[PDB]
2 protein chains.
Amino acid sequence: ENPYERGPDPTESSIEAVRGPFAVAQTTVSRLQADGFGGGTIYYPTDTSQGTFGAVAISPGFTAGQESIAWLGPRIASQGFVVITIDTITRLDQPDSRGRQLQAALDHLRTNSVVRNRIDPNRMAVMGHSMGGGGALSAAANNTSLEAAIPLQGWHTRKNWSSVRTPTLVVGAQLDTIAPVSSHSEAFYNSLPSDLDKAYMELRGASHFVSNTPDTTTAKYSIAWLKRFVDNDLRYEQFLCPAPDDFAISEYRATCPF
Amino acid sequence: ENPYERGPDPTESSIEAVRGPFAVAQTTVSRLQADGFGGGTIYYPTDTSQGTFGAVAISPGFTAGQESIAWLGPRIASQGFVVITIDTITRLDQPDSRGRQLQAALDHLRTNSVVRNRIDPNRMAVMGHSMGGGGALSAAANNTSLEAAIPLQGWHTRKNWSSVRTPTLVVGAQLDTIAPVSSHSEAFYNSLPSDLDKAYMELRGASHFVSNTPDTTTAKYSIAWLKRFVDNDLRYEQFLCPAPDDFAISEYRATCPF
């Protein structure tokens with residue numbers, strides 16, 4: 001029996017829902033309380049009766065604040081995760097620094113009074129938009145114990161991710177002109193190791209900013225990826241393997257079965 | 001230019017070599033000659049043309065002698081370091097006492113006629129196996145001027161190392177049942193300050209005693225860590241950031257960029 005399974009068996013409706021089965025609360029980490037990042041908001045399930053949850057840190061991109069990624073916080077946490085949306089030390093920080101800050105935010109959770117007993121500190125994951133997605137890849141490259149990484153329209157000068165050992169879902173936007181998929185997202189996917197459990201999902205017709213307001217395709221597959229790899233939850237593989245038949249997806253690759 | 005750089009530009013071959021680019025000589029410190037430790041062997045480079053070298057002290061574990069870590073002495077010294085492998089005052093000394101003895105051995109070097117003019121006493125580091133690695137962590141916490149610390153399969157009853165200010169590489173052995181990584185090595189790493197330059201390297205399939213005979217993965221990354229932090233040698237950051245791909249490493253984390 002998988003001890004990390006949380007919540008009832010999933011369906012298309014359950015993974016598409018704006019709020020999953022877990023009621024959520026939130027707490028604020030001030031810039032002064034944040035060591036190594038710019039503060040953030042932690043969203044967590046209030047129901048502790050099924051045990052501890054994996055933890056996820058999410059970074060915004062260049063010039064952006066938590067508000068550009070905030071919707072992901074409670075939408076993911078309500079599926080059974082402790083999720084921190086961060087602000088960066090400055091909004092001009094580059095991807096490598098964003099990766100250091102994502103790790104600092106995860107480590108903050110280990111001692112945070114509100115959530116220390118709610119997380120399984122051994123099961124953590126990273127996500128981010130654009131430079132924040134470059135930061136998520138950097139954080140995985142620097143920490144092979146992370147269970148999942150999800151760069152959303154990621155931007156980074158670093159194109160070679162052969163060092164990553166963390167299952168990674170790369171989400172590109174077809175019409176992205178800021179972090180074009182050919183030179184960013186797809187290049188990242190192609191340099192991740194052949195053997196790694198990974199996937200590439202390109203969002204049809206989407207601009208670079210698709211992640212900055214609610215997008216059901218982004219949410220449902222991020223949830224499935226986090227469930228499958230943070231929780232080792234085999235109930236969620238069905239949404240990723242084989243490729244889903246989804247008009248919202250213009251290209252797809254995945255190393256199924258995982 | 002960094003005045004502390006020593007030796008040719010590094011490669012995987014050079015950091016993996018049993019003997020690096022510097023020829024070495026040795027001198028013995030008798031138990032009677034040793035103030036605050038049980039004696040030792042000092043290995044040092046004979047090439048003085050680049051100036052003085054940083055110094056490193058290495059402690060064995062409980063019940064063990066210098067011979068259980070001796071191979072590390074000339075292997076590290078041949079990369080450009082003055083390295084003393086110690087015996088402890090008694091074989092039953094506990095971790096904090098081993099830390100005091102590591103510092104005493106380092107402080108000995110400035111009084112030793114053979115090597116006193118070969119060292120930079122402002123650039124020193126500590127290492128040790130099991131209780132000796134607990135001693136290295138203690139010595140680091142108790143001397144914020146130390147430049148690097150490397151506990152190898154460290155054992156300590158103290159799990160909270162939040163006061164350490166010295167860049168630390170924690171080397172775990174995946175299958176260790178004596179100082180299991182979950183309750184020793186990883187607990188130490190997780191409690192080191194988030195802001196500290198630090199790394200955790202887990203040796204795949206390794207037992208507690210992997211450090212007691214030559215292990216190339218242990219040597220190469222210890223050398224890279226000492227270079228990066230004792231010498232501030234940026235030529236060695238490439239081996240530590242991002243996670244190396246070695247098969248012999250089952251897990252790696254580091255607070256890159258340093």
# chains A, B, ... in the order shown; residues from 1 in each chain; ligands from 1
$ interface_residues --of "chain B" --to "chain A" --cutoff "9 Å" --atoms "only C-alpha atoms" --output "list in words"
residues 190, 194, 195, 200, 241, 242, 243, 244, 245, 250, 251, 252, 253, 254, 255, 256 and 257 of chain B
$ residues_around --residues "residue 198 in chain A" --least-positions-apart "4" --cutoff "8 Å" --atoms "only C-alpha atoms" --output "VMD selection string"
chain A and resid 167 to 170 189 254 to 255
$ write_last_selection --atoms "N, CA and C atoms" --output "PDB file, in the first residue's frame"
ATOM      1  N   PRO A 167      12.267  13.876 -11.612  1.00  0.00           N
ATOM      2  CA  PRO A 167      11.248  13.830 -12.680  1.00  0.00           C
ATOM      3  C   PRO A 167      10.710  15.222 -12.989  1.00  0.00           C
ATOM      4  N   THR A 168      10.775  15.600 -14.263  1.00  0.00           N
ATOM      5  CA  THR A 168      10.515  16.979 -14.673  1.00  0.00           C
ATOM      6  C   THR A 168       9.459  17.037 -15.768  1.00  0.00           C
ATOM      7  N   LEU A 169       8.446  17.884 -15.563  1.00  0.00           N
ATOM      8  CA  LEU A 169       7.431  18.204 -16.560  1.00  0.00           C
ATOM      9  C   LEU A 169       7.750  19.599 -17.076  1.00  0.00           C
ATOM     10  N   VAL A 170       8.091  19.686 -18.363  1.00  0.00           N
ATOM     11  CA  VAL A 170       8.400  20.957 -19.006  1.00  0.00           C
ATOM     12  C   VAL A 170       7.150  21.422 -19.730  1.00  0.00           C
ATOM     13  N   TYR A 189      14.084  20.055 -22.325  1.00  0.00           N
ATOM     14  CA  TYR A 189      13.612  18.675 -22.354  1.00  0.00           C
ATOM     15  C   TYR A 189      14.631  17.759 -23.015  1.00  0.00           C
ATOM     16  N   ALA A 254       6.646  12.095 -23.530  1.00  0.00           N
ATOM     17  CA  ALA A 254       6.769  11.600 -22.165  1.00  0.00           C
ATOM     18  C   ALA A 254       7.460  10.255 -22.191  1.00  0.00           C
ATOM     19  N   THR A 255       8.275  10.007 -21.170  1.00  0.00           N
ATOM     20  CA  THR A 255       8.970   8.723 -21.051  1.00  0.00           C
ATOM     21  C   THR A 255       8.125   7.692 -20.289  1.00  0.00           C
TER      22      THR A 255
END
$ select_by_dssp --residues "range 7-115 of chain B" --states "strand (DSSP E)" --output "short mmCIF file (atom, residue, chain, number, x, y, z; two decimals) with C-alpha atoms, in the first residue's frame"
data_model
loop_
_atom_site.label_atom_id
_atom_site.label_comp_id
_atom_site.auth_asym_id
_atom_site.auth_seq_id
_atom_site.Cartn_x
_atom_site.Cartn_y
_atom_site.Cartn_z
CA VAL B 24 54.74 15.05 -1.33
CA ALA B 25 56.99 14.44 1.64
CA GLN B 26 56.04 13.56 5.18
CA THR B 27 57.10 14.02 8.78
CA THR B 28 55.91 12.30 11.95
CA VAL B 29 54.64 13.99 15.10
CA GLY B 40 50.08 12.21 13.60
CA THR B 41 51.68 12.24 10.17
CA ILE B 42 52.03 15.48 8.19
CA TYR B 43 52.03 15.23 4.40
CA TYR B 44 53.11 18.33 2.48
CA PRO B 45 53.96 19.47 -1.07
CA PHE B 53 49.33 26.09 1.24
CA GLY B 54 46.17 25.70 3.26
CA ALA B 55 46.16 23.09 6.01
CA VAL B 56 43.79 20.19 6.73
CA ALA B 57 43.48 17.93 9.79
CA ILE B 58 41.80 14.51 9.58
CA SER B 59 40.46 12.45 12.51
CA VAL B 82 49.50 20.40 4.16
CA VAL B 83 47.52 17.52 5.65
CA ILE B 84 47.89 15.99 9.12
CA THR B 85 46.24 12.62 9.83
CA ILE B 86 45.91 12.33 13.61
#
$ residues_around --residues "residue 225 in chain B" --least-positions-apart "5" --cutoff "8 Å" --atoms "only C-alpha atoms" --output "PDB file with N, CA, C and O atoms, in the first residue's frame"
ATOM      1  N   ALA B 148      36.804  25.238   5.811  1.00  0.00           N
ATOM      2  CA  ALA B 148      36.018  24.127   5.291  1.00  0.00           C
ATOM      3  C   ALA B 148      35.937  23.028   6.343  1.00  0.00           C
ATOM      4  O   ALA B 148      36.822  22.892   7.192  1.00  0.00           O
ATOM      5  N   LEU B 169      30.923  20.062   3.484  1.00  0.00           N
ATOM      6  CA  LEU B 169      30.531  18.966   2.605  1.00  0.00           C
ATOM      7  C   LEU B 169      30.278  17.768   3.513  1.00  0.00           C
ATOM      8  O   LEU B 169      31.199  17.261   4.165  1.00  0.00           O
ATOM      9  N   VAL B 230      39.061  26.302   0.895  1.00  0.00           N
ATOM     10  CA  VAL B 230      40.334  26.656   1.517  1.00  0.00           C
ATOM     11  C   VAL B 230      41.107  27.622   0.627  1.00  0.00           C
ATOM     12  O   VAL B 230      41.752  28.550   1.126  1.00  0.00           O
ATOM     13  N   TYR B 236      37.382  25.106  -9.364  1.00  0.00           N
ATOM     14  CA  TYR B 236      36.870  23.802  -8.864  1.00  0.00           C
ATOM     15  C   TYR B 236      35.353  23.832  -8.649  1.00  0.00           C
ATOM     16  O   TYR B 236      34.773  22.779  -8.346  1.00  0.00           O
ATOM     17  N   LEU B 240      31.357  20.838  -8.513  1.00  0.00           N
ATOM     18  CA  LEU B 240      30.435  20.839  -7.385  1.00  0.00           C
ATOM     19  C   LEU B 240      29.064  21.387  -7.741  1.00  0.00           C
ATOM     20  O   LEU B 240      28.098  21.131  -7.015  1.00  0.00           O
TER      21      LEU B 240
END
$ closest_residue --among "A:115, A:124, A:76, A:149" --to "residue 196 in chain A" --atoms "only C-alpha atoms"
A:149
$ residues_around --residues "residue 72 in chain B" --least-positions-apart "2" --cutoff "10 Å" --atoms "only C-alpha atoms" --output "count of residues only"
23
$ select_by_dssp --residues "range 59-172 of chain A" --states "helix (DSSP H, G or I)" --output "NGL selection string"
:A and (66-68 or 72-77 or 95-111 or 131-141)
$ write_last_selection --atoms "N, CA, C and O atoms" --output "short mmCIF file (atom, residue, chain, number, x, y, z; two decimals), in the first residue's frame"
data_model
loop_
_atom_site.label_atom_id
_atom_site.label_comp_id
_atom_site.auth_asym_id
_atom_site.auth_seq_id
_atom_site.Cartn_x
_atom_site.Cartn_y
_atom_site.Cartn_z
N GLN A 66 4.57 37.48 -6.27
CA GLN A 66 3.77 36.29 -5.99
C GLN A 66 2.45 36.36 -6.70
O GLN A 66 1.87 35.33 -7.05
N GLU A 67 1.92 37.56 -6.87
CA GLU A 67 0.58 37.68 -7.41
C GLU A 67 0.47 37.11 -8.81
O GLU A 67 -0.61 36.69 -9.22
N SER A 68 1.59 37.03 -9.55
CA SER A 68 1.57 36.48 -10.89
C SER A 68 1.46 34.96 -10.92
O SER A 68 1.23 34.39 -11.99
N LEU A 72 -1.96 29.36 -8.38
CA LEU A 72 -1.50 27.99 -8.31
C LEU A 72 -1.44 27.48 -6.88
O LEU A 72 -1.58 26.27 -6.64
N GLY A 73 -1.23 28.39 -5.92
CA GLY A 73 -1.05 28.02 -4.53
C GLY A 73 -2.18 27.19 -3.95
O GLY A 73 -2.00 26.03 -3.55
N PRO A 74 -3.37 27.79 -3.83
CA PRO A 74 -4.48 27.03 -3.24
C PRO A 74 -5.05 25.98 -4.18
O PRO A 74 -5.60 24.97 -3.72
N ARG A 75 -4.92 26.16 -5.49
CA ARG A 75 -5.43 25.16 -6.41
C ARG A 75 -4.64 23.86 -6.29
O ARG A 75 -5.21 22.77 -6.33
N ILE A 76 -3.31 23.96 -6.13
CA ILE A 76 -2.50 22.77 -5.90
C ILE A 76 -2.63 22.29 -4.46
O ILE A 76 -2.76 21.09 -4.21
N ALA A 77 -2.59 23.20 -3.48
CA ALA A 77 -2.60 22.77 -2.09
C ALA A 77 -3.88 22.01 -1.75
O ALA A 77 -3.84 21.05 -0.96
N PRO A 95 17.90 33.54 -13.00
CA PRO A 95 17.44 32.17 -12.70
C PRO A 95 18.25 31.41 -11.68
O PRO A 95 17.66 30.71 -10.85
N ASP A 96 19.59 31.45 -11.73
CA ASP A 96 20.35 30.69 -10.75
C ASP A 96 20.02 31.15 -9.34
O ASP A 96 19.84 30.33 -8.43
N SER A 97 19.90 32.46 -9.14
CA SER A 97 19.53 32.96 -7.82
C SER A 97 18.13 32.52 -7.44
O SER A 97 17.87 32.15 -6.29
N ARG A 98 17.19 32.55 -8.39
CA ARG A 98 15.85 32.05 -8.12
C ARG A 98 15.87 30.59 -7.67
O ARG A 98 15.09 30.19 -6.79
N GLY A 99 16.75 29.78 -8.25
CA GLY A 99 16.89 28.39 -7.82
C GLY A 99 17.39 28.27 -6.39
O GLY A 99 16.91 27.42 -5.62
N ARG A 100 18.34 29.12 -6.00
CA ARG A 100 18.81 29.11 -4.62
C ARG A 100 17.69 29.51 -3.67
O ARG A 100 17.54 28.92 -2.59
N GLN A 101 16.87 30.48 -4.08
CA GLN A 101 15.78 30.96 -3.24
C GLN A 101 14.65 29.95 -3.14
O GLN A 101 14.01 29.83 -2.08
N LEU A 102 14.38 29.19 -4.20
CA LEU A 102 13.38 28.13 -4.11
C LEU A 102 13.79 27.12 -3.06
O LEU A 102 12.96 26.67 -2.26
N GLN A 103 15.07 26.72 -3.06
CA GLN A 103 15.55 25.78 -2.06
C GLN A 103 15.49 26.38 -0.66
O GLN A 103 15.10 25.70 0.29
N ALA A 104 15.85 27.66 -0.52
CA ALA A 104 15.77 28.31 0.79
C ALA A 104 14.33 28.32 1.30
O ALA A 104 14.08 28.11 2.49
N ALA A 105 13.36 28.54 0.40
CA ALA A 105 11.95 28.55 0.79
C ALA A 105 11.49 27.16 1.24
O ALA A 105 10.75 27.03 2.23
N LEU A 106 11.91 26.12 0.53
CA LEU A 106 11.60 24.76 0.96
C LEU A 106 12.20 24.50 2.33
O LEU A 106 11.55 23.94 3.22
N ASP A 107 13.46 24.91 2.53
CA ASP A 107 14.09 24.66 3.83
C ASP A 107 13.43 25.47 4.94
O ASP A 107 13.33 24.97 6.08
N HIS A 108 12.92 26.65 4.62
CA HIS A 108 12.14 27.44 5.58
C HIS A 108 10.97 26.63 6.13
O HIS A 108 10.62 26.73 7.31
N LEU A 109 10.33 25.82 5.27
CA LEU A 109 9.17 25.05 5.71
C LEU A 109 9.53 24.07 6.83
O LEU A 109 8.66 23.73 7.65
N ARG A 110 10.78 23.60 6.88
CA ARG A 110 11.16 22.60 7.87
C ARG A 110 11.08 23.14 9.30
O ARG A 110 10.89 22.36 10.24
N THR A 111 11.23 24.45 9.48
CA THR A 111 11.16 25.06 10.80
C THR A 111 9.98 26.00 10.99
O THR A 111 9.80 26.52 12.10
N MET A 131 11.70 32.98 -15.80
CA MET A 131 12.94 32.87 -15.02
C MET A 131 12.76 32.04 -13.77
O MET A 131 13.71 31.40 -13.32
N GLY A 132 11.55 32.04 -13.19
CA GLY A 132 11.30 31.16 -12.05
C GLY A 132 11.31 29.69 -12.43
O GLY A 132 11.63 28.84 -11.60
N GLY A 133 10.92 29.38 -13.67
CA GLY A 133 11.04 28.02 -14.16
C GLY A 133 12.48 27.62 -14.43
O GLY A 133 12.88 26.48 -14.18
N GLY A 134 13.27 28.57 -14.94
CA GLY A 134 14.71 28.33 -14.96
C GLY A 134 15.23 28.08 -13.56
O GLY A 134 16.07 27.21 -13.34
N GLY A 135 14.70 28.82 -12.58
CA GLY A 135 15.09 28.59 -11.19
C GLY A 135 14.69 27.21 -10.70
O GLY A 135 15.46 26.57 -9.98
N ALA A 136 13.51 26.72 -11.10
CA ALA A 136 13.10 25.37 -10.71
C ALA A 136 14.06 24.33 -11.27
O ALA A 136 14.44 23.38 -10.57
N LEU A 137 14.49 24.50 -12.53
CA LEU A 137 15.45 23.56 -13.10
C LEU A 137 16.77 23.64 -12.35
O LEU A 137 17.35 22.60 -12.03
N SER A 138 17.25 24.86 -12.06
CA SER A 138 18.47 25.01 -11.27
C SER A 138 18.35 24.32 -9.91
O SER A 138 19.28 23.62 -9.48
N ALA A 139 17.22 24.51 -9.21
CA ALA A 139 17.06 23.89 -7.90
C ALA A 139 17.09 22.37 -7.99
O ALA A 139 17.71 21.71 -7.15
N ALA A 140 16.49 21.80 -9.03
CA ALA A 140 16.58 20.36 -9.23
C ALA A 140 18.01 19.94 -9.56
O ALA A 140 18.51 18.94 -9.03
N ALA A 141 18.68 20.70 -10.44
CA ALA A 141 20.07 20.39 -10.79
C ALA A 141 20.96 20.38 -9.56
O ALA A 141 21.99 19.69 -9.54
#
$ atom_distance --atom1 "CA of residue 15 in chain B" --atom2 "CA of residue 220 in chain B"
4.8 Å
$ closest_residue --among "B:79, B:63, B:249, B:193" --to "residue 21 in chain B" --atoms "only C-alpha atoms"
B:79
$ closest_residue --among "A:129, A:228, A:19, A:235" --to "residue 185 in chain A" --atoms "only C-alpha atoms"
A:129
